[PDB]
């Protein structure tokens, strides 16, 4: 009956959500290593988008294309929030290293511009328009 069928479904899929998060952990780790490699070398200058940010955004795009049909929408949103958190951590580290501060000066302006390219790229991907990226965190 419908009840027994669904009990079988429940048993078969009981770990589905937890296991997707575990595979997604490996994907976050891959992107985290890319961000560390790229952002450790980032220099603030025109033109924008900088080569660093073009590369980050291209890989984010390719990642989205690769997993779109493999993850439910909510998990894809959650994945991108984790990827974003990694990006912000590495960007914050580099801005601190370079002594770039949020004072409205030309250097701050260039980072704001590069980040606008990043945010625009991310939010233009299917399902990601209303992600709360909290990019202001990078100046903490």
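Residue numbers count along the first chain shown, from 1.
Averaged over Cα atoms, the B-factor as recorded in the entry is higher for 58 to 66 than for the other of 109 to 117 and 58 to 66.
The PDB entry records a higher mean C-alpha B factor for 70 to 78 than for its counterpart among 91 to 99 and 70 to 78.
The entry lists a Cα temperature factor for residue 38 that places it in the highest third of the chain's modelled residues.
Sorting the modelled residues of the chain by their CA temperature factor places residue 5 in the highest third. Among the modelled residues of its chain, residue 133 has a C-alpha B-factor that falls in the lowest third, as given in the PDB entry.
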